[PDB]
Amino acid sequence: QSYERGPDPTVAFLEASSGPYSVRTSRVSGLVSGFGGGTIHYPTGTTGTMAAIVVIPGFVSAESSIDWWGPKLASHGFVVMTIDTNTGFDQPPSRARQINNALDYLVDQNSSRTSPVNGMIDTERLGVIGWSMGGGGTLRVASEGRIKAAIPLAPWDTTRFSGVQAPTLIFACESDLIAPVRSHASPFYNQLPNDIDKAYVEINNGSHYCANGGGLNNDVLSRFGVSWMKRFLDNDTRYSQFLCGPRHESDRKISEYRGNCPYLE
């Protein structure tokens, strides 16, 4: 309970466009960083330290990105850095390097005397969200033992994920032509070990962009994704009710759910 922030949650509260905090941003240029540049999002009117999240896009022919996740999560009491589209990285191994570089940068910002997020980050509580080959990257990083929560979005990779060590929620896109679920998200989920808390949420008729945020799927992304980071970065069991209990497949937007509820303490 020591890391819990904000009011007792409800479905309506999670599905609302914004969380309880106003949000500010700080731009990070590619010139001064090793991960491609991005935007740090953080809540105003908080005190103490909070978990930090890196959000990475990794689709080679992307026409837009994942920045919806930045304000969404920051408004719920996270420091959240969205990474810009970056052709300097590509395949999943390089995306894992990119993610680690970004996490390193965000950890370093906690002690940077010019950073607006100086002293706001609990450097021991880090999460990653990543799209496409960046979702492959997220699963790789989730195997390394530093991050405490992972959310791959429409992941693409060519390896296996039996060694993932962080609680992992995979968003799969049913009609994905870029990273077909039968070759990517679904086998990746099935490879995850039994000693982690995990979930698989396939979005009905989703294209490869289905979990990027900012379109018609925000309710499912909010309920699952905010709850995942609350539960597993903040140890906030007030959010367990949204992850474990509901008949998820009753939601018309969820074409398949898998998981290993309950997520015991």
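Quick note: we count residues from 1 along the sequence shown, nothing fancier.
Fill in: Which of 109 to 117 and 89 to 97 has higher mean CA B factor, as the PDB entry lists it
Mean CA B-factor is higher for 109 to 117.
Fill in: Mean temperature factor over C-alpha atoms, higher-scoring stretch between 127 to 135 and 158 to 166
In the deposited entry, the stretch with the higher C-alpha B-factor mean is 158 to 166.
Worksheet item: Of the choices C210, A52, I66, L31, which one's C-alpha carries the largest B-factor in the record?
Response: Spelled out: the listed residue with the top C-alpha B-factor is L31.
Worksheet item: How does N194 rank on Cα B-factor within its chain, lowest, middle or highest third?
Response: Tercile = highest for this residue's CA B-factor.
Worksheet item: If you rank the chain by CA B-factor, which third does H41 end up in: lowest, middle or highest?
Response: Its C-alpha B-factor belongs to the lowest third of this chain's values.
Item to complete: Give the position of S26 by CA B-factor within its chain, expressed as the lowest, middle or highest third.
Response: CA B-factor rank for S26: middle third.
Worksheet entry | Third assignment of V181 from its chain's C-alpha B-factors | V181: CA B-factor falls in the middle third of its chain.
Fill in: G48, C-alpha B-factor rank within chain (lowest, middle or highest third)
Its C-alpha B-factor belongs to the highest third of this chain's values.
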